[PDB]
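Only one structure is covered here, and it is reproduced in the block below.
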Amino acid sequence: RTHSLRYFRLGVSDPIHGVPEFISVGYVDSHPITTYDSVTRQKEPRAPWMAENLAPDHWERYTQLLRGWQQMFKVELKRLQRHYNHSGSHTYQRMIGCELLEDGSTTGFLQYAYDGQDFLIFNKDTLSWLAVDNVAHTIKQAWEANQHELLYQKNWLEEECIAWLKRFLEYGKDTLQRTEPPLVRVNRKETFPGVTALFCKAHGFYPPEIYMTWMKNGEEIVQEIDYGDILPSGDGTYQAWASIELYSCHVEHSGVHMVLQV
Amino acid sequence: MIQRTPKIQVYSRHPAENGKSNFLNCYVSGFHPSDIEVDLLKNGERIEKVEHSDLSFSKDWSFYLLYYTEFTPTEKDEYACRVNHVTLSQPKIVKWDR
Ligand SMILES: *[C@@H](C)/C=N/c1c(NC[C@H](O)[C@H](O)[C@H](O)CO)[nH]c(=O)[nH]c1=O
């Protein structure tokens, strides 16, 4: 069972809308677990299984930390805007986190982005920054000069982050380690004149890892399969589509192979 | 400068069957920057009672939101969603397929 812990930061230059200049959100596998904004200036627990169970000192302290980070992130953004010489609204994004696999392999990541494009990518194995432009190189030398920070980041991504992830995983086992079976239903729809399209849908399942395929006479799968997306249903489960132009629907979820005939 | 056009997806939570408890969802994803305008519509008139999940982030520096509202399906009525982004010159309206 693969799991992922990630933290996102967003800084907007001149919001020109009453929306937060800085927003910070934490995720444990596409689940909101923590949130912060420059307007509220207080860290709030999104998930219920960590709202009362986790100690209050955590939010108390990390709020002050976030307040500190906000200003730094602003300075970094404005400095880059001074390097490119732009006026207006520009976005500065940061991602940091780890990944725990089935076997137990650890994989960490740290990235910085400007205007929705990769700006600086951190590699912990060689302790180096990957720059895309000369401006990125300019911030690259200044960041690489300070080796203490690099080493800290490495040990954080490799040990500390995994620890946090394990802790969070144990707090909400009934939610994150829960298994809900999908309701599979087959629907016939005529879009073009004469062309009859067969749809297969799955509603209400967790985790989102699901496999779908259309079979002819239950022996051969077809290459004309149009796949959709694993969409959130709203209640906390997911939903997915599989369509083909015209015999059997095959959905595999949590080791269960489901077959439907038309 | 690099920006992305939003992908609008309108669908129901539970399987479509008229005269029952259901939820209409509009998934707006893969867009950049963050500033958007989203409104759900019922035969043209906007729905006020609509809740939305706060801004969410993705690995490819794109964002995604979910706008949902409770509804009862009926064959007479048709539902849609109006989305306006900076990339969009005219507010894109996507209808529910049923
Ligand atoms: C509270 C748990 C919010 N944390 C948070 C973090 N946390 C990771 C880490 O402590 C931090 O990045 C340090 O600077 C070390 O890398 N990161 C983030 O970007 N936003 C948050 O709200």
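Each chain in the structure tokens gets a letter, A, B and so on, in the order shown; residues start at 1 in every chain, and ligands are counted from 1 in the order they appear.
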- Using only C-alpha atoms, select each residue of chain A with any atom at most 9 Å away from an atom of chain B, and give the selection as an MDAnalysis selection string. chainID A and resid 8 12 15 17 19 25 30 32 90:91 93:95 113:118 183 185 201 203:204 231:235 238:239
Compute the set of protein, DNA and RNA residues whose minimum atom distance to ligand 1 is at most 10 Å, using only C-alpha atoms and all ligand atoms, and state it as a PDB file with C-alpha atoms, in the first residue's frame.
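Output file pocket.pdb is given in full below:
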ATOM      1  CA  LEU A   5       3.047  13.016   2.417  1.00  0.00           C
ATOM      2  CA  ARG A   6       3.301  16.428   0.746  1.00  0.00           C
ATOM      3  CA  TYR A   7       3.230  20.092   1.719  1.00  0.00           C
ATOM      4  CA  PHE A   8       2.322  22.897  -0.691  1.00  0.00           C
ATOM      5  CA  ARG A   9       2.968  26.639  -0.501  1.00  0.00           C
ATOM      6  CA  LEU A  10       1.499  29.353  -2.719  1.00  0.00           C
ATOM      7  CA  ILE A  23      -1.688  29.899   1.283  1.00  0.00           C
ATOM      8  CA  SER A  24      -0.189  26.714   2.697  1.00  0.00           C
ATOM      9  CA  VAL A  25      -1.812  23.279   2.636  1.00  0.00           C
ATOM     10  CA  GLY A  26      -0.726  19.785   3.696  1.00  0.00           C
ATOM     11  CA  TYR A  27      -1.832  16.502   2.151  1.00  0.00           C
ATOM     12  CA  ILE A  33      -4.880  17.470   6.657  1.00  0.00           C
ATOM     13  CA  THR A  34      -3.606  20.957   7.428  1.00  0.00           C
ATOM     14  CA  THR A  35      -4.249  24.501   6.213  1.00  0.00           C
ATOM     15  CA  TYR A  36      -2.945  28.050   6.698  1.00  0.00           C
ATOM     16  CA  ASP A  37      -3.582  31.438   5.089  1.00  0.00           C
ATOM     17  CA  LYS A  43      -2.911  26.724  11.306  1.00  0.00           C
ATOM     18  CA  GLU A  44      -6.135  24.707  11.216  1.00  0.00           C
ATOM     19  CA  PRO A  45      -6.728  20.923  11.123  1.00  0.00           C
ATOM     20  CA  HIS A  58       1.580  21.516  17.364  1.00  0.00           C
ATOM     21  CA  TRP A  59      -0.714  24.172  15.892  1.00  0.00           C
ATOM     22  CA  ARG A  61       3.991  26.508  17.469  1.00  0.00           C
ATOM     23  CA  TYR A  62       3.734  25.761  13.745  1.00  0.00           C
ATOM     24  CA  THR A  63       1.482  28.803  13.407  1.00  0.00           C
ATOM     25  CA  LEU A  65       6.620  29.107  12.128  1.00  0.00           C
ATOM     26  CA  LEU A  66       4.203  29.655   9.228  1.00  0.00           C
ATOM     27  CA  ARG A  67       3.953  33.349  10.070  1.00  0.00           C
ATOM     28  CA  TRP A  69       7.781  31.524   6.553  1.00  0.00           C
ATOM     29  CA  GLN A  70       5.176  33.767   4.904  1.00  0.00           C
ATOM     30  CA  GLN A  93       4.964  27.757  -5.477  1.00  0.00           C
ATOM     31  CA  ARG A  94       6.844  25.279  -3.249  1.00  0.00           C
ATOM     32  CA  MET A  95       6.384  21.523  -2.759  1.00  0.00           C
ATOM     33  CA  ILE A  96       8.075  19.260  -0.223  1.00  0.00           C
ATOM     34  CA  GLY A  97       7.420  15.660   0.784  1.00  0.00           C
ATOM     35  CA  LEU A 110      11.593  19.220  -2.961  1.00  0.00           C
ATOM     36  CA  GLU A 149      20.701  23.638   4.957  1.00  0.00           C
ATOM     37  CA  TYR A 152      19.252  19.246   6.824  1.00  0.00           C
ATOM     38  CA  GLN A 153      16.892  18.979   3.862  1.00  0.00           C
ATOM     39  CA  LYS A 154      18.368  15.594   2.918  1.00  0.00           C
ATOM     40  CA  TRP A 156      14.513  15.613   6.666  1.00  0.00           C
ATOM     41  CA  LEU A 157      13.258  14.131   3.405  1.00  0.00           C
ATOM     42  CA  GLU A 160      11.866  13.011   9.441  1.00  0.00           C
ATOM     43  CA  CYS A 161       9.245  13.200   6.670  1.00  0.00           C
ATOM     44  CA  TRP A 164       5.597  12.336  10.151  1.00  0.00           C
TER      45      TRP A 164
END
- Give me the residues within 12 Å of residue 44 (chain B) as a list in words, counting only C-alpha atoms and dropping any in the same chain fewer than 4 places off. residues 39, 40, 77, 78, 79, 80, 81, 82, 93, 94 and 95 of chain B
Export C-alpha atoms of the chosen residues as a PDB file, in the first residue's frame?
ATOM      1  CA  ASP B  39     -21.144  29.028 -10.691  1.00  0.00           C
ATOM      2  CA  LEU B  40     -23.614  26.137 -10.964  1.00  0.00           C
ATOM      3  CA  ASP B  77     -34.881  20.138 -15.908  1.00  0.00           C
ATOM      4  CA  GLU B  78     -31.359  20.615 -17.381  1.00  0.00           C
ATOM      5  CA  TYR B  79     -28.268  21.547 -15.286  1.00  0.00           C
ATOM      6  CA  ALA B  80     -24.976  23.218 -16.233  1.00  0.00           C
ATOM      7  CA  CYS B  81     -21.928  25.125 -14.953  1.00  0.00           C
ATOM      8  CA  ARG B  82     -20.350  28.453 -15.899  1.00  0.00           C
ATOM      9  CA  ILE B  93     -20.500  26.726 -19.893  1.00  0.00           C
ATOM     10  CA  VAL B  94     -20.547  22.942 -19.640  1.00  0.00           C
ATOM     11  CA  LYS B  95     -23.829  21.018 -19.446  1.00  0.00           C
TER      12      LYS B  95
END
- Message: Give me, as a list in words, all polymer residues having an atom no more than 8 Å from residue 77 (chain A), counting only C-alpha atoms and skipping those fewer than 3 positions away in the same chain.
- Response: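 Residues meeting the cut-off are residues 11, 13, 73, 74, 80, 81, 91 and 92 of chain A.
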- Query: Pick the closest to residue 200 (chain A) from A:216, A:250, A:3, A:173: which is it, counting only C-alpha atoms?
  - Reply: A:250
- From a DSSP pass on the backbone, collect the residues of chain B flagged as strand (DSSP E) and hand them back as a PyMOL selection string. chain B and resi 7-12+22-31+37-42+45-46+51-57+63-71+79-84+92-95
Next, write the just-selected residues to a file, as a CSV table (one decimal), in the first residue's frame, keeping N, CA and C atoms as the atom set.
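What follows is the written file result07.csv:
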chain,number,residue,atom,x,y,z
B,7,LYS,N,-10.0,22.5,-16.9
B,7,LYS,CA,-10.8,21.3,-17.4
B,7,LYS,C,-12.1,21.2,-16.5
B,8,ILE,N,-13.2,21.3,-17.2
B,8,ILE,CA,-14.5,21.3,-16.4
B,8,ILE,C,-15.2,19.9,-16.6
B,9,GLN,N,-15.6,19.3,-15.5
B,9,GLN,CA,-16.2,18.0,-15.5
B,9,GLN,C,-17.5,18.0,-14.7
B,10,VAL,N,-18.7,18.0,-15.3
B,10,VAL,CA,-19.9,17.9,-14.6
B,10,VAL,C,-20.5,16.5,-14.5
B,11,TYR,N,-20.8,16.0,-13.3
B,11,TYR,CA,-21.3,14.7,-13.2
B,11,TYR,C,-22.1,14.5,-11.9
B,12,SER,N,-22.8,13.4,-11.7
B,12,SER,CA,-23.5,13.1,-10.5
B,12,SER,C,-22.8,12.2,-9.5
B,22,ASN,N,-29.8,13.0,-4.7
B,22,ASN,CA,-28.5,12.9,-5.4
B,22,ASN,C,-27.7,14.2,-5.2
B,23,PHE,N,-26.5,14.2,-5.8
B,23,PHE,CA,-25.7,15.4,-5.7
B,23,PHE,C,-25.0,15.7,-7.0
B,24,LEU,N,-25.1,17.0,-7.5
B,24,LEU,CA,-24.5,17.4,-8.7
B,24,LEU,C,-23.1,18.0,-8.4
B,25,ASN,N,-22.1,17.4,-9.0
B,25,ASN,CA,-20.7,17.9,-8.8
B,25,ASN,C,-20.1,18.5,-10.1
B,26,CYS,N,-19.4,19.5,-9.9
B,26,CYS,CA,-18.6,20.1,-10.9
B,26,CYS,C,-17.1,20.2,-10.5
B,27,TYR,N,-16.3,19.4,-11.2
B,27,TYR,CA,-14.9,19.3,-10.9
B,27,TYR,C,-14.1,20.2,-11.9
B,28,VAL,N,-13.5,21.3,-11.3
B,28,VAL,CA,-12.7,22.1,-12.1
B,28,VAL,C,-11.2,21.9,-11.8
B,29,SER,N,-10.5,21.4,-12.8
B,29,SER,CA,-9.1,21.0,-12.5
B,29,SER,C,-8.1,21.4,-13.5
B,30,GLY,N,-6.8,21.3,-13.2
B,30,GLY,CA,-5.7,21.5,-14.1
B,30,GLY,C,-5.7,23.0,-14.7
B,31,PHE,N,-5.8,23.9,-13.8
B,31,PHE,CA,-5.8,25.3,-14.2
B,31,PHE,C,-4.8,26.1,-13.4
B,37,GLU,N,-13.7,32.0,-11.4
B,37,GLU,CA,-15.1,32.3,-11.1
B,37,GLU,C,-15.9,31.0,-11.5
B,38,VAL,N,-16.5,30.4,-10.5
B,38,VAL,CA,-17.3,29.2,-10.9
B,38,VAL,C,-18.8,29.3,-10.3
B,39,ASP,N,-19.8,29.0,-11.1
B,39,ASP,CA,-21.1,29.0,-10.7
B,39,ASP,C,-22.0,27.9,-11.3
B,40,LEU,N,-22.7,27.2,-10.5
B,40,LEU,CA,-23.6,26.1,-11.0
B,40,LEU,C,-25.0,26.7,-11.4
B,41,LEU,N,-25.6,26.2,-12.4
B,41,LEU,CA,-26.8,26.7,-13.0
B,41,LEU,C,-27.9,25.6,-13.2
B,42,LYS,N,-29.1,26.1,-13.0
B,42,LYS,CA,-30.3,25.3,-13.2
B,42,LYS,C,-31.2,25.9,-14.3
B,45,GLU,N,-30.7,29.8,-14.5
B,45,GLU,CA,-30.6,30.6,-13.3
B,45,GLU,C,-29.6,29.9,-12.3
B,46,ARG,N,-28.8,30.8,-11.7
B,46,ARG,CA,-27.7,30.3,-10.8
B,46,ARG,C,-28.3,29.8,-9.5
B,51,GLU,N,-21.9,24.4,-2.1
B,51,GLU,CA,-20.7,24.4,-1.3
B,51,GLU,C,-19.5,23.9,-2.1
B,52,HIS,N,-18.3,24.4,-1.8
B,52,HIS,CA,-17.2,24.0,-2.6
B,52,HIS,C,-15.9,23.7,-1.7
B,53,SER,N,-15.2,22.7,-2.1
B,53,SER,CA,-14.0,22.4,-1.4
B,53,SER,C,-12.9,23.3,-1.7
B,54,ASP,N,-12.3,23.9,-0.7
B,54,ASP,CA,-11.2,24.9,-0.9
B,54,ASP,C,-10.1,24.5,-1.8
B,55,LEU,N,-9.4,25.5,-2.4
B,55,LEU,CA,-8.3,25.3,-3.3
B,55,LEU,C,-7.4,24.1,-3.0
B,56,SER,N,-7.1,23.2,-4.0
B,56,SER,CA,-6.3,22.1,-3.8
B,56,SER,C,-5.2,22.1,-4.8
B,57,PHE,N,-4.1,21.5,-4.4
B,57,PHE,CA,-2.9,21.6,-5.2
B,57,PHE,C,-2.5,20.2,-5.9
B,63,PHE,N,-4.0,23.6,-10.1
B,63,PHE,CA,-5.0,23.5,-9.0
B,63,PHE,C,-6.2,22.8,-9.3
B,64,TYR,N,-7.0,22.4,-8.3
B,64,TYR,CA,-8.4,21.8,-8.6
B,64,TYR,C,-9.4,22.1,-7.5
B,65,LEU,N,-10.6,22.4,-7.9
B,65,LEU,CA,-11.7,22.6,-7.0
B,65,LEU,C,-12.9,21.7,-7.3
B,66,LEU,N,-13.8,21.5,-6.2
B,66,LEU,CA,-15.0,20.8,-6.4
B,66,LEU,C,-16.2,21.6,-5.9
B,67,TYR,N,-17.1,21.9,-6.8
B,67,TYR,CA,-18.3,22.6,-6.5
B,67,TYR,C,-19.5,21.7,-6.5
B,68,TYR,N,-20.2,21.5,-5.4
B,68,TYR,CA,-21.2,20.5,-5.3
B,68,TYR,C,-22.5,21.1,-4.7
B,69,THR,N,-23.6,20.6,-5.2
B,69,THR,CA,-24.9,21.0,-4.6
B,69,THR,C,-25.9,19.8,-4.7
B,70,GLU,N,-26.8,19.7,-3.7
B,70,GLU,CA,-27.8,18.7,-3.5
B,70,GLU,C,-28.8,18.8,-4.6
B,71,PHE,N,-29.3,17.7,-5.2
B,71,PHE,CA,-30.4,17.9,-6.1
B,71,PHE,C,-31.2,16.6,-6.3
B,79,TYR,N,-29.3,20.9,-16.1
B,79,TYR,CA,-28.3,21.5,-15.3
B,79,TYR,C,-26.9,21.8,-16.0
B,80,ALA,N,-26.3,22.9,-15.6
B,80,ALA,CA,-25.0,23.2,-16.2
B,80,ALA,C,-24.1,24.0,-15.3
B,81,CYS,N,-22.9,24.3,-15.8
B,81,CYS,CA,-21.9,25.1,-15.0
B,81,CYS,C,-21.1,26.1,-15.8
B,82,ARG,N,-21.1,27.4,-15.3
B,82,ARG,CA,-20.4,28.5,-15.9
B,82,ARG,C,-19.0,28.7,-15.2
B,83,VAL,N,-17.9,28.6,-16.0
B,83,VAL,CA,-16.6,28.8,-15.5
B,83,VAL,C,-15.9,29.9,-16.2
B,84,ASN,N,-15.3,30.8,-15.5
B,84,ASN,CA,-14.5,31.9,-16.0
B,84,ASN,C,-13.1,32.0,-15.4
B,92,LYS,N,-16.9,29.8,-20.1
B,92,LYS,CA,-17.2,28.5,-20.7
B,92,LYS,C,-18.3,27.8,-19.9
B,93,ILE,N,-19.4,27.4,-20.6
B,93,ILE,CA,-20.5,26.7,-19.9
B,93,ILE,C,-20.6,25.3,-20.3
B,94,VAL,N,-20.5,24.4,-19.3
B,94,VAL,CA,-20.5,22.9,-19.6
B,94,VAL,C,-21.8,22.3,-19.0
B,95,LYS,N,-22.6,21.6,-19.9
B,95,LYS,CA,-23.8,21.0,-19.4
B,95,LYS,C,-23.7,19.6,-18.9
Name the residues in contact with residue 2 (chain A) at a cut-off of 7 Å, using only C-alpha atoms, excluding same-chain residues fewer than 5 positions from it; report them as a PDB file with N, CA and C atoms, in the first residue's frame.
ATOM      1  N   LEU A 100       6.273   6.602   0.722  1.00  0.00           N
ATOM      2  CA  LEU A 100       6.488   5.265   1.266  1.00  0.00           C
ATOM      3  C   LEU A 100       5.820   4.198   0.404  1.00  0.00           C
ATOM      4  N   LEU A 101       6.599   3.231  -0.070  1.00  0.00           N
ATOM      5  CA  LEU A 101       6.077   2.198  -0.961  1.00  0.00           C
ATOM      6  C   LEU A 101       5.688   0.922  -0.225  1.00  0.00           C
ATOM      7  N   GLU A 102       5.193  -0.050  -0.986  1.00  0.00           N
ATOM      8  CA  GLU A 102       4.777  -1.336  -0.439  1.00  0.00           C
ATOM      9  C   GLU A 102       5.948  -2.089   0.195  1.00  0.00           C
TER      10      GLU A 102
END
